[PDB]
Structures are given as C-alpha cells and as structure tokens.
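Residue-level listing of the chains:
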Amino acid sequence: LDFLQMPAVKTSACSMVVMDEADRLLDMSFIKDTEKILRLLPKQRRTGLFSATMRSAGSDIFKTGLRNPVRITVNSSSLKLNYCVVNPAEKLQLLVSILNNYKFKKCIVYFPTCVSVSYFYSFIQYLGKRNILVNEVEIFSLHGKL
RNA sequence: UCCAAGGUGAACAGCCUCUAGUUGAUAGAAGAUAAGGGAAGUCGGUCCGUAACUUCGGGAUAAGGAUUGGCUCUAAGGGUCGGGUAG
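Per the deposition metadata, cryo-EM was the technique used to determine this entry, at a resolution of 3.04 Å.

Next up, the structure:
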C-alpha cells in the first residue's frame, strides 16, 4: 500500500491480482488495507483468491471485485488432535513435561502474545540453565514484532 | 406614504417607562351592595415535594483514584555510533 501510494509508481497496466490466504486478507483487520490496495488498481482485471478456509469468507469475496468467477472446492487419520484439561497455574509445567518426555524432531509451541513469547522464552532458558529439563533441545522465539 | 427604545406580561393583548413632545378644552361655589324567599314579576327570565435525564468541542485504542502495564498479523515510529582472544 505504501509503495502504490508513491506517485512514482503507475498501476494502470496491471492485469492480474492474486490474494493468498484470501480469507485472512478479507478479515475485519485486513479489509481496511486491502480495500485501498484494490481501490488503487484497475477494476478490469483477473483475480485469484486462494485459501484453505475460503468458505468462511462467505460473502466478503465479492468485496475483492470478482468479474467472471468460478468457486473451486477440493477435498480428500493423518494427524492426532488431543487436548488436556488442567489448572492454569500448572500449564507451563505441563509444557515442560511434554518437551523432555515426548518424541519429536520439531515442536512448535504457540503463545497468545509477543511479550508472553519473550517472557516465557527467557524463563525456560533460565530453567534449562539449572538443568531442569535435560535433552538435546534448542529453543527459539519468533514473534511478529521483531 | 417613510422611521420606530426598553421592561413586564411569561397567551396578539393590556400596563409602565427612556428620547421627544404636551398641560389644549370659559372659570368659581355649592356601576355596586343588600337579611328571608328564589321568577311568586312580565304576553314572554402558572405554583410547593420527587426522581431519572439533559448542551458544545476534543478526543481513537479496556478503565479513569488507582498497583496502568492492555490482543494477533500488517507501511513509517528522530539522527548517529559501538562487538571478543591470539599471531
């Protein structure tokens, strides 16, 4: 959006727009920016929306400006879906009890916020300094505010 | 045919006054109420006590007396500088 708003860039010859994860880009948060981005670009074009949950963005696909569209749905136990019901104050401990006991090559642990990612990363590193968990595990943190 | 102050009224009205005009018109003296009866008459009888609310802007970001720190992704968030031990 910042790039297209610069006067040095002309958008008149564009003839192809693709939105990957189009259900996420038409979300309530992203709709403000994508509306402007599509506003700058010419209306007569070919649009391709691609998303693994494209059905959820039900009537918001026409906000993109489809002209001659064809919806496409592709369908096929690959993986296990479990859940644990525990007291919150134990939750982090349970995480540790999974990291040093389960068998894996890569484990991805999701956190709600970025500050939580940094804070718990530092505390788990401190625990590993004291050898609370003993394994050939290398721990990284990656949030989107970096 | 032109000009046209204010206050009360808190209902055009009426009342009072500011500026400005008058003191003109022979002079002196000496409708209302009603006891009892009630048509017997005549042709004809706005202010005291409650409660909720309630005006303009600026603010964005969950609050606004408290210990303020407040979501995920996504353009920019003042400038600059700086990293070990050895040969």
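There's plenty left to go through after this.
Draft legend 1. Quick peek at the protein's contact with RNA strand B. Taken together, the residues surrounding RNA strand B are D2, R24, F30, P112, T113, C114, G144 and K145. In RNA strand B, atoms within 4 Å of the protein come from the sugar-phosphate backbone in 85% of cases. A distance of 3.0 Å separates a sugar or linking oxygen of RNA strand B from a polar side-chain atom of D2. Note that a phosphate oxygen of RNA strand B is positioned 3.0 Å from one of the backbone N or O atoms of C114. Grouping the constituent residues of the surface near RNA strand B by class yields three nonpolar, two polar and three charged.

Draft legend 2. A look at helix α5 (residues 114-129). The terminal C-alpha atoms of α5 lie 23 Å apart, and with 16 residues this matches the ideal 22 Å at 1.5 Å per residue to within 8%. Buried residues of α5: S116, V117, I124 and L127, and no others. Mapping the buried residues of α5 onto a view down its axis gives an arc of 95°, with all of them on the same face. Looking at α5, the residues exposed on the side facing more than 90 degrees away from the buried face are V115, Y119 and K129. Against the buried residues of α5 lie α4 (91-99).

Draft legend 3. Layout of the nonpolar core. Of all hydrophobic cores here, the largest spans eight residues; its members are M19, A22, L26, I31, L49, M54, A57 and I61. Excluding residues within four positions of it along the chain, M19 makes contact with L25, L26, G48, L49, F50 and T64.

Draft legend 4. Examining the pairing of strand β1 (residues 16-20) more closely. On β1, burial follows the alternation: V17 and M19 on one face are buried, whereas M16, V18 and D20 on the facing-out side are not. Alignment of β1 against strand β2 (residues 46-50), held across five bridges, turns out to be parallel. Looking at β2, one finds that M19 is bridged to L49.

Draft legend 5. Structural view of the environment of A52. Among the secondary structure elements, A52 is positioned in the loop between β2 and α4. With a relative accessible area of 80%, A52 lands in the exposed category. Put simply, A52 and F30 are 22 residues apart on the chain and 17 Å apart in space, counted from C-alpha to C-alpha.

Rules and cut-offs
- Residues numbered from 1 in each chain as written, not as in the entry; some residues may be left out.
- Chains lettered and ligands numbered in written order.
- Part of a larger assembly, values for the part shown.
- Heavy atoms only, no water.
- Near = heavy atom within 4 Å.
- Polar contact = N/O pair within 3.5 Å; in protein donor to acceptor, adjacent residues only side chain to side chain.
- Nonpolar A, V, L, I, M, F, W, Y, C, P; charged D, E, K, R; others polar.
- Helix = DSSP H or I, 4+ residues; strand = E, 2+ residues; numbered from the N terminus.
- Expected span 1.5 Å × (residues − 1).
- Buried < 20%, exposed > 50% of the residue type's maximum accessible area, 1.4 Å probe, protein only.
- Arc of directions from axis to C-beta.
- Contact = heavy atoms within 4.5 Å.
- Core = buried A, V, L, I, M, F, W, Y, C linked by side-chain atoms within 4.5 Å.
- Pairing = 2+ DSSP bridges.

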